[PDB]
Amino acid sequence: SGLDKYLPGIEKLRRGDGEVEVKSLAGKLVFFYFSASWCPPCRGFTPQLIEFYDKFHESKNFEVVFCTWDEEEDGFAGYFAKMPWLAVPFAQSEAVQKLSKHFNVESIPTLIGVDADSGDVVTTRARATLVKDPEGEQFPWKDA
């Protein structure tokens, strides 16, 4: 319920070649992952995040939602195809742009974790902290 303030009225997220309901994320920690297929520094970070997600998304009870900065649907789609998690649909790119300004994402990649039930912000720096802590000993890298 807490995700509605960030993705107002978006009831479904993409998953693989289908969709899942946002209410299914109840109780999880949710990371918004801002990236794009055209961004040079994003390229090598995405696989490090896929490795952490495959290891820990169930045991550490979190989900990743890709919030694209791709403005071409094919670029978006080919990139999301390599990811194992969820995405805001391409047609809802206005909501991703609004979300990126809400969190003042000045460059990508950027990974922001919020609690799904309350919407509370947990971490704004997980792209940096995961590179330093690949086993998540300090997850979820709470902001001071």
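So that the term is clear: the rigid core is the largest set of C-alpha atoms that superpose within 1.5 Å between two forms. Each residue number is its position in the shown sequence, starting from 1.
Superposing each structure in 4 other deposited structures of this protein on the rigid core shows that the farther-lying of 44 to 52 and 75 to 83, by root-mean-square Cα distance, is 75 to 83. Taking the PDB entry as given, 91 to 99 carries the higher mean Cα B factor of the two stretches 91 to 99 and 61 to 69. Between the stretches 41 to 49 and 71 to 79, it is 71 to 79 that shows the larger average CA temperature factor. When the modelled residues of the chain are ordered by C-alpha B-factor, residue 23 sits in the highest third. In the PDB entry, a CA B factor belonging to the highest third of its chain's modelled residues is recorded for residue 12. Among all modelled residues in this chain, the alpha-carbon of residue 107 has a temperature factor (C-alpha) in the middle third.
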